[PDB]
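Comments concern the structure below.
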Amino acid sequence: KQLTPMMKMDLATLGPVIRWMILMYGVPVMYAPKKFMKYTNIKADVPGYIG
Amino acid sequence: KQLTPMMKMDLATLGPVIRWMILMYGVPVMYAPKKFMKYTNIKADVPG
Amino acid sequence: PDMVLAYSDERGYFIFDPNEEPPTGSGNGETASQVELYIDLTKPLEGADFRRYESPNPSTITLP
């Protein structure tokens, strides 16, 4: 849910420096928490052992 | 050698006051140091 | 009625609609967008490869 997309808003000049910032507002919402799942403690060693 | 001549840069508005900066960037360069000379310890008399 | 709820900005423009949103963000002198546009105008052809135009090398074609 996006309140606003990613955008830049320029800051005030308080010296010989140019400043600006980039902002984004939002939140992810999952309506059904029981229609997802996770695997934990998986072992994977692609650069394996030779010898 | 000037990076920029005399210039005016605007600042922010922290109140009902108009404020700005005046800047210049540069440096003198002496290509041949042996073609200059200086005198030191010169005495002068104050008028009487 | 009479123009009681009327105001003007710093540049002399008047707004007679109490429900109209006035423009803002004019207090940041030397804005970053202005600086970027100034750089684009006053310094064109920046980051271009011009080394080929001062090369005394007779061979200008690259071959294996």
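To be explicit about the labels: the chains of the structure tokens are called A, B, and onward in the order shown, and within each one the residues are counted from 1, while ligands get numbers from 1 in the order they are shown.
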**OP:** May I have the residues of chain A within 10 Å of chain B, counting only C-alpha atoms, written as a ChimeraX atom specification?
**Re:** /A:11-16
**OP:** Would you please extract all helix (DSSP H, G or I) residues from chain C, as assigned by DSSP on the backbone, and give them as a ChimeraX atom specification?
**Re:** /C:32-42,51-54
Using only C-alpha atoms, which residues of chain C come within 8 Å of chain A, and what is the closest atom pair for each, with the distance in Å to one decimal? Give it as CSV, sorted by chain and residue number.
```
residue,atom,partner,partner_atom,distance
C:27,CA,A:12,CA,7.4
C:28,CA,A:12,CA,4.5
C:29,CA,A:13,CA,6.1
C:30,CA,A:13,CA,6.6
C:31,CA,A:10,CA,6.7
C:32,CA,A:18,CA,6.1
C:33,CA,A:10,CA,7.8
```
Keeping only N, CA and C atoms, take the residues you just selected and write them out as a PDB file, in the first residue's frame.
```pdb
ATOM      1  N   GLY C  27      11.146  29.109  -0.306  1.00  0.00           N
ATOM      2  CA  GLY C  27      12.114  29.626   0.634  1.00  0.00           C
ATOM      3  C   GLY C  27      13.473  28.967   0.604  1.00  0.00           C
ATOM      4  N   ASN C  28      13.684  27.997  -0.285  1.00  0.00           N
ATOM      5  CA  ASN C  28      14.964  27.297  -0.386  1.00  0.00           C
ATOM      6  C   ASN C  28      15.759  27.925  -1.522  1.00  0.00           C
ATOM      7  N   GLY C  29      16.551  28.941  -1.189  1.00  0.00           N
ATOM      8  CA  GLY C  29      17.415  29.573  -2.167  1.00  0.00           C
ATOM      9  C   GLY C  29      18.443  28.608  -2.718  1.00  0.00           C
ATOM     10  N   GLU C  30      18.783  28.749  -4.000  1.00  0.00           N
ATOM     11  CA  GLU C  30      19.730  27.869  -4.685  1.00  0.00           C
ATOM     12  C   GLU C  30      19.263  26.410  -4.610  1.00  0.00           C
ATOM     13  N   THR C  31      18.108  26.178  -5.226  1.00  0.00           N
ATOM     14  CA  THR C  31      17.499  24.854  -5.228  1.00  0.00           C
ATOM     15  C   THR C  31      18.353  23.874  -6.031  1.00  0.00           C
ATOM     16  N   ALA C  32      18.305  22.602  -5.630  1.00  0.00           N
ATOM     17  CA  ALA C  32      19.129  21.579  -6.273  1.00  0.00           C
ATOM     18  C   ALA C  32      18.750  21.389  -7.737  1.00  0.00           C
ATOM     19  N   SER C  33      17.452  21.424  -8.046  1.00  0.00           N
ATOM     20  CA  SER C  33      17.020  21.302  -9.435  1.00  0.00           C
ATOM     21  C   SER C  33      17.556  22.451 -10.280  1.00  0.00           C
TER      22      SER C  33
END
```
**OP:** One decimal, Å: what's the distance from atom CA of residue C:13 over to atom CA of residue B:17, could you say?
**Re:**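 We find that atom CA of residue C:13 and atom CA of residue B:17 lie 20.3 Å from each other.
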Original post:
From the list C:4, C:11, C:26, C:42, which residue is nearest chain B when using only C-alpha atoms?
Top reply: C:26
Original post:
residue A:6: which residues within 9 Å, counting only C-alpha atoms, same-chain residues fewer than 5 positions away excluded, as a PyMOL selection string?
Top reply: chain A and resi 22-25
Original post:
Which residues, written as an MDAnalysis selection string, have at least one atom at most 9 Å from stretch 27-39 of chain A, with only C-alpha atoms counted and residues fewer than 5 positions away on the same chain left out?
Top reply: chainID A and resid 1:3
Restricting the output to N, CA and C atoms, write the selected residues as a short mmCIF file (atom, residue, chain, number, x, y, z; two decimals), in the first residue's frame.
```cif
data_model
loop_
_atom_site.label_atom_id
_atom_site.label_comp_id
_atom_site.auth_asym_id
_atom_site.auth_seq_id
_atom_site.Cartn_x
_atom_site.Cartn_y
_atom_site.Cartn_z
N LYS A 1 0.85 -1.18 0.00
CA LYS A 1 0.00 0.00 0.00
C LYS A 1 0.89 1.24 0.00
N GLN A 2 0.86 1.98 -1.10
CA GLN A 2 1.73 3.13 -1.31
C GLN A 2 0.98 4.41 -0.96
N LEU A 3 1.50 5.16 0.01
CA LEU A 3 1.00 6.51 0.23
C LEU A 3 1.55 7.47 -0.83
#
```
**OP:** List every residue of chain A that DSSP, applied to the backbone, labels as strand (DSSP E or B), and write the result as a PyMOL selection string.
**Re:** chain A and resi 2-10+20-26
Print the selection's residues with C-alpha atoms to a file, as an mmCIF file, in the first residue's frame.
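See part-v4.cif below for the written result:
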```
data_model
loop_
_atom_site.group_PDB
_atom_site.id
_atom_site.type_symbol
_atom_site.label_atom_id
_atom_site.label_comp_id
_atom_site.auth_asym_id
_atom_site.auth_seq_id
_atom_site.Cartn_x
_atom_site.Cartn_y
_atom_site.Cartn_z
ATOM 1 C CA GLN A 2 1.731 3.131 -1.308
ATOM 2 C CA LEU A 3 1.005 6.515 0.227
ATOM 3 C CA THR A 4 3.402 8.036 -2.325
ATOM 4 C CA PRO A 5 5.902 6.586 -4.819
ATOM 5 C CA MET A 6 9.621 7.207 -4.543
ATOM 6 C CA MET A 7 10.391 10.891 -5.073
ATOM 7 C CA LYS A 8 12.959 13.560 -4.241
ATOM 8 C CA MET A 9 12.258 16.739 -2.275
ATOM 9 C CA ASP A 10 14.924 19.428 -2.157
ATOM 10 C CA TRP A 20 18.268 17.005 -1.163
ATOM 11 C CA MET A 21 16.569 13.868 0.105
ATOM 12 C CA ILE A 22 14.605 10.939 -1.306
ATOM 13 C CA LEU A 23 11.522 9.637 0.481
ATOM 14 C CA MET A 24 9.002 6.800 0.229
ATOM 15 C CA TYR A 25 5.962 6.022 2.391
ATOM 16 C CA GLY A 26 4.213 2.661 2.480
#
```
Subject >> Nearest to chain B, chosen from C:21, C:54, C:10, C:46, with only C-alpha atoms counted in the distances >> reply: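 Checking each candidate against chain B, we get C:10 as the closest.
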Skip residue B:3 itself and residues of its chain fewer than 5 positions away, then list as a PDB file with N, CA, C and O atoms, in the first residue's frame all residues within 8 Å of it, counting only C-alpha atoms.
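The resulting out_21.pdb:
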```pdb
ATOM      1  N   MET B  24      34.671  33.749  -3.700  1.00  0.00           N
ATOM      2  CA  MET B  24      35.605  33.682  -4.818  1.00  0.00           C
ATOM      3  C   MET B  24      36.626  32.597  -4.517  1.00  0.00           C
ATOM      4  O   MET B  24      37.143  32.529  -3.398  1.00  0.00           O
ATOM      5  N   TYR B  25      36.918  31.759  -5.509  1.00  0.00           N
ATOM      6  CA  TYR B  25      37.887  30.680  -5.374  1.00  0.00           C
ATOM      7  C   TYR B  25      39.043  30.923  -6.335  1.00  0.00           C
ATOM      8  O   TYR B  25      38.820  31.183  -7.520  1.00  0.00           O
ATOM      9  N   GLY B  26      40.265  30.829  -5.827  1.00  0.00           N
ATOM     10  CA  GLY B  26      41.424  31.048  -6.675  1.00  0.00           C
ATOM     11  C   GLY B  26      42.709  30.905  -5.890  1.00  0.00           C
ATOM     12  O   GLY B  26      42.705  30.647  -4.682  1.00  0.00           O
TER      13      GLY B  26
END
```
